[PDB]
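# Reading the structure
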There are 2 protein chains.
Amino acid sequence: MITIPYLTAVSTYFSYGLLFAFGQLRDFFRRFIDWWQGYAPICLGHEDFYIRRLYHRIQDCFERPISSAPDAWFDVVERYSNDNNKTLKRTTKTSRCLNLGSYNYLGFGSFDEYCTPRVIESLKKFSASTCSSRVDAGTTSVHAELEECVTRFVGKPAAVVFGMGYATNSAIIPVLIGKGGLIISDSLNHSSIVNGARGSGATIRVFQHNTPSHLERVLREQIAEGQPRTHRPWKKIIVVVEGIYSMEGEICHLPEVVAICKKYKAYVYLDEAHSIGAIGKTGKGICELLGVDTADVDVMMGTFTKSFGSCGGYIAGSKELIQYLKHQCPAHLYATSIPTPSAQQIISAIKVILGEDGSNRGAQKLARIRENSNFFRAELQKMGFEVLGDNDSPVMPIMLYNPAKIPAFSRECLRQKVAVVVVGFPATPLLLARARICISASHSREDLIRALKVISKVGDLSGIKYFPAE
Amino acid sequence: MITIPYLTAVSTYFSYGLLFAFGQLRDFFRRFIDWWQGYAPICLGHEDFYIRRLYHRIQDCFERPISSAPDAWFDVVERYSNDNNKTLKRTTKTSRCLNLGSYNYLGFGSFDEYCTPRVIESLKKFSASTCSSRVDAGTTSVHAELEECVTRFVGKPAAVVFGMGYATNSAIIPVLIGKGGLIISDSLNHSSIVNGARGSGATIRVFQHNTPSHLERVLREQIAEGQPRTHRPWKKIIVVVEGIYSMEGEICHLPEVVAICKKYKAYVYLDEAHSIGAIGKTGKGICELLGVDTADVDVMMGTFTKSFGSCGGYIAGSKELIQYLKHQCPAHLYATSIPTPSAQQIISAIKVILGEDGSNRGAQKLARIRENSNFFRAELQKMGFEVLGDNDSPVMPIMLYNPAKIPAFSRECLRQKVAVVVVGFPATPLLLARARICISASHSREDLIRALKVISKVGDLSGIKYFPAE
């Protein structure tokens, strides 16, 4: 699924083994110096080896504090050590870098003159948020008006909105499935989905990432073998897939997945976290870009953090599914309602996207998010880099493959006034370290042109042009 | 289940091996002399080895033709060879032996003055039997009156009567169970029951003869493992047992079997072939002797050949079972009805047994069948023989254990005017050859006394007094 140059797959294992060897050696001279209030230690000796022997070496590439709105250009605060690199502290000095590590695709995480004036007015009339849950006193009028805009937008009959995009997967999967069920998940699913599956009693299998000929062969075996020990019938089967598989940048093969789930009478659980304002000619997600009937999928989970510039989540489906969840979902019963100015800013963003604001800049954003991604991705391939994903996706990871290139590609770019994101080993597979580039609809062409020459010059030093240029 | 003297288990295998060795040698000198119309042979070379090398040596102990009614005393025809023992032919000379190899328990296979005059009258008014089946023109009035006497006698709501006791098991088991079902049979079941189970598509397991602690352990495994390859659920389970296990003479442990079949929701199929006029204070069978509610068993098969002195069979059960069988049983639809004088002789025998004939000799038979069996069996044990069965059973096999004692115990007894039955290897297990003694209610005490001294003198020569006398 990823083409790896053979000579680089060898100098990566060597680079990791050298780190392992020096780390064990150094940790062996700490265990004999600890000779100099009775409870067990907070953490054992060797459960955080790669946290203190690999992460602390490059800890200045993460948790960079900014002091400006998440815009195309922000200010980055500078940090010193003051005690030989153990606890970084922040100065007063700042910079002015190009934002390429945020998520605001449509450029809503800013001050725009249709949403912020309405949200400020919906603040001084409702005071932040209610202190009760939604079934007691936290269902304001704004919370009832917003659950209609989401149903109109997404397309399904009814929807529920929560206040966290991570609790939208750990507090719902236990409700729909329980013990005796099955969950054929995709390999590269978020942590929230797997934690939600663990919170119930269901069994989890995994089919190969983004290929249906392997999804069929797993369903056949699992229905022909029943429960793992007492070969009862499987009470249910649910298949979980994602719209755009981030950190791989690929659009899912939805038409070929739904067709196989219908045949074996399994259910489908879609996850449009990255693809609900980005892809599509109207912004309706993958079910519109790929031309699939929205009633073939049973549940559709989403998130407003990335595109609409406001926290939250939702679930949409048949009108009895929503009635069941509103009566038996712990996140709906026990948790405080989503704040009011954080719901007005979703209402007034869906109005802009649908063009009901009077102006017509709801289509300029949708066109400029595409004419920027198709340009950046095309230009990176011509210089010989290795970028993944298709042509219609806001994310494009660049593969690095070497643990030592992670602090080299980031420190140079920050020094030349460009900010990016890099991902290491403990989170990713060992061999696949990458950098993630996020392109928004607020970047101008003059910025992408200037940022491509900064990247092309840094990529010569590290030698990450694995493919041949022209 | 049978105590075998060790020194006799060794001279039996030696006796059989010597027969095997001489047989192979002799058959090897026939295959080279056959040198002196194109179709394949009727029978291969070596599928009837024990028919021509073991049975032909003692073929004069079987198929003895008699020329008198099956009474306490009959006439046995004498046979010569005339061509060096290849084809026995019958003479005109006869004998007068003591009948100990028939089956008429209650002494109905004779000329008694309440049944024969009625049967002769029901003959000259109905001419043998109808030439049609029962669903077209073979349901005479006598056939409708007889199916009421059987329901009154047996006790269950409805009953069907057939014309053969062997077709009463091969044409019904296919109807009740089919493919996907299970049949836990007892080891020592008749050939008809196993053939009937083979005629359907059901699977057959076997539990250990007359022990319930092994019946439970088979049901547990078979319900915990499902179908043998595709672990579906078992569609049904039926348990087949017999009232009195002939050729072992034991009464079944019915109360401990029904209790375990209720627990696992299996069905029960009883087989009262040997125990429907013999045991019981009224002659109602094992369900009366052992005190078990007759509604705990689902199907009850029987036979009129042994006790009532007339061919036939029956099945009794719930009024919808009979309605289903009368509409979907091949033996009821395609086969000629049971003859009329052979049904009148069952009606007029059940009337005698129930005491509705005016006289009271329906209880004299039931008492004299018991005071004769309890005497004969008690006297045989005191002389040191090995007899099986309980105290309430008309059959008592005497074990011989040696293939050469089969023609020795029979030829002597016939010479001293006593007729018995012996059973060999191809039919029985190898080690267990026996003689079967049948005691009726028509034998007098003077006959049993005289027959016991003939047996006690023959048993000295062959040395079949394995147990110690007093």
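For this coordinate set, the PDB header names cryo-EM as the determination method and states a resolution of 3.2 Å.

### Let's talk about the overall build of chain A
Check the secondary structure of chain A and you find 16 helices and 17 strands. Taken over the C-alpha trace, chain A has a radius of gyration of 24 Å; the compact-globule value for 470 residues is 23 Å, and the two agree within 12%. With the principal axes as the frame, chain A shows a C-alpha extent of 60 × 60 × 60 Å. Among the 470 residues that make up chain A, the fraction classed as buried is 48%. Of the roughly 24000 Å² of accessible surface on chain A, 56% is carried by carbon and sulfur atoms.

### Looking at the pattern of salt bridges
For the structure shown, the criterion picks out 32 salt bridges over all chains. Between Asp27(B) and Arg53(B) there is a salt bridge, and its shortest N-O distance comes to 2.5 Å. You can call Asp27(B) buried: its relative accessible area is 11%. With its nearest N and O atoms 2.4 Å apart, the salt bridge here joins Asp296(B) to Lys262(B). Of this pair, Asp296(B) sits in the loop between α10 (286-289) and β12 (299-303) while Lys262(B) sits in helix α9 (residues 254-263), placing them 34 residues apart in sequence. Given a relative accessible area of 22%, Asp296(B) falls into the partly exposed group. Here the salt bridges do not stand alone but share partners, grouping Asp27(A), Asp48(A), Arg52(A) and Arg53(A) into one network.

### Some words on the pairing of strand β5 (residues 158-162) of chain B
Residue and element names in this part refer to chain B. Within β5, 5 of the 5 residues are buried, which leaves it mostly tucked inside the rest of the structure. Residues of β5 alternate between two faces, with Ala 158, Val 160 and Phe 162 on one and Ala 159 and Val 161 on the opposite face, all of them buried. Across 5 bridges, β5 lies against strand β13 (residues 313-317) in antiparallel orientation. For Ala 159, the partnering residue across the bridge sits in β13 and is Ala 316.

### What about the packing of aromatic side chains?
All names here are of chain A. Taken as a whole and judged by the stated rule, the model has 24 aromatic pairs over all chains. For the pair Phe 153 and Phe 308, a centre-to-centre distance of 6.1 Å together with 80° between the ring planes defines the contact as edge-to-face. Here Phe 308 lies in the loop between β12 (299-303) and β13 (313-317) and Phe 153 lies in helix α4 (residues 141-154), a separation of 155 residues in the sequence. A relative accessible area of 2% means that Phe 153 is categorised as buried. Look at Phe 308 and you get buried, because its relative accessible area is 2%. One aromatic cluster is present, formed by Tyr 16, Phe 20, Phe 49, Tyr 50 and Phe 425 through successive ring pairs. Here the basic side chain of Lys 365 rests over the ring of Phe 108, its NZ or CZ set 5.3 Å away from the ring centre.

Each value, and the rule that gives it
All residue numbers given refer to positions from 1 along each chain's written sequence rather than to the entry's numbering, and residues for which no coordinates exist are omitted. Lettering of chains starts at A and numbering of ligands starts at 1, both following the order in which they are written. All reported values concern the displayed chains, which form part of a larger assembly. Note that the side-chain values use all heavy atoms of the structure and ignore hydrogens as well as water. Think of it this way: any DSSP run of H or I at least four residues long counts as a helix, any run of E at least two long counts as a strand, and we number them from the N terminus. For the radius of gyration, the atoms used are the C-alpha atoms, and the globule rule reads 2.2 Å times the number of residues raised to 0.38. The cut-offs for exposure are 20% and 50% of the maximum accessible area for each residue type, with area from a 1.4 Å probe on protein chains only; residues under the lower value are buried, those over the upper are exposed, and the others partly exposed. For every accessible area listed, the method is Shrake-Rupley and the probe measures 1.4 Å; residues are considered covered only by the protein chains on display. Should a side-chain nitrogen of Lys or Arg be within 4 Å of a carboxyl oxygen of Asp or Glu, the pair is scored as a salt bridge. When DSSP locates at least two bridges between a pair of strands, those strands are taken to pair. Each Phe, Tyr or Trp ring, with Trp reduced to its six-membered ring, pairs with another whose centre is within 6.5 Å; inter-plane angles below 30 degrees give stacked pairs, above 60 give edge-to-face pairs, and intermediate values give tilted ones. Only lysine NZ and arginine CZ atoms are considered, and such an atom sits over a ring when it is within 6 Å of the ring centre and within 35 degrees of the ring normal.

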